[PDB]
């Protein structure tokens, strides 16, 4: 009887998913792509990076620990809160299934950074990197800005925040292993980062597509409001990311190229949402060597 009330408030039949009928073809395409790309960090021999790691400066090692812990924080949030927050607003049952894959793969991504750390770093290094992630104002601000939308009640805003996280927020951290890879350092770790990017690229394209489908149902007036909100939010995350990037890379001296990479990915994120870039292309000229290391 305790559940009688619920049965009375939910009278429509509960549906089982049928994959023999796909209302939106992109849901099957993405499900197949993402599941076809399943991987676990154990598949990559990060151990072969220890000589490279041991030749990295104390400073190089520190920046690496910090960027990876900030990426870990973002995957933790996207896996346990972000992807899950999109379920209620799904247009199809297949899309709900895709989000369960995205949630799990985000957990795989987050664990990957620990695999890298348990292979290369010392316990004190790991402890200090996680403490740093808790105390860093810029990392905590970007995390809380995104969480504020996941915990809010606007479904389209959750999608914008999720796409900006997947197609923009991770990039200030992805630069480091890509830069290092193009200099033959941490090359095995970079392969893990490449598998992560292979997933995030799809996640951002997909969720951005679902945002577009959703926003297109609104009046021209409402659409301009959401576009303005999106650009305003991207501007804010970009300003916060600039500070985060300066503190991480200034010492190493890679800052200016990382900022070009930030503008490059900010535009790609907005393109995933159906919008033009925020930055003129001439302001997005990150090193082509970094771009080719991504693939």
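Numbering follows the first chain given and starts at 1. Only the largest set of C-alpha atoms that superpose within 1.5 Å between the two forms is called the rigid core.
After superposition on the rigid core, the larger root-mean-square Cα deviation in 5 other deposited structures of this protein belongs to 165 to 173, not to the other of 165 to 173 and 202 to 210. 19 to 27 and 272 to 280 differ in mean CA B-factor, and the higher of the two is recorded for 272 to 280. Higher mean CA B-factor, judged across 209 to 217 and 104 to 112 from the recorded values: 209 to 217. Across the options 125, 140, 167, 76, the residue with the most elevated CA B-factor in the record is 125. Residue-level inspection of the entry shows that, of 177, 82, 152, 204, 152 has the top Cα B-factor.
Residue-level temperature factors show residue 163 in the lowest third of its chain, judged at the C-alpha atom.
Compared with the other modelled residues of the chain, the Cα B-factor recorded for residue 9 ranks in the middle third.
In this PDB entry, the Cα temperature factor of residue 252 sits in the top third of its chain's modelled residues, the highest group. Ranked by Cα temperature factor within the chain, residue 55 sits in the highest third according to the deposited record. In the deposited entry, the Cα temperature factor of residue 44 sits in the top third of values across the chain's modelled residues.
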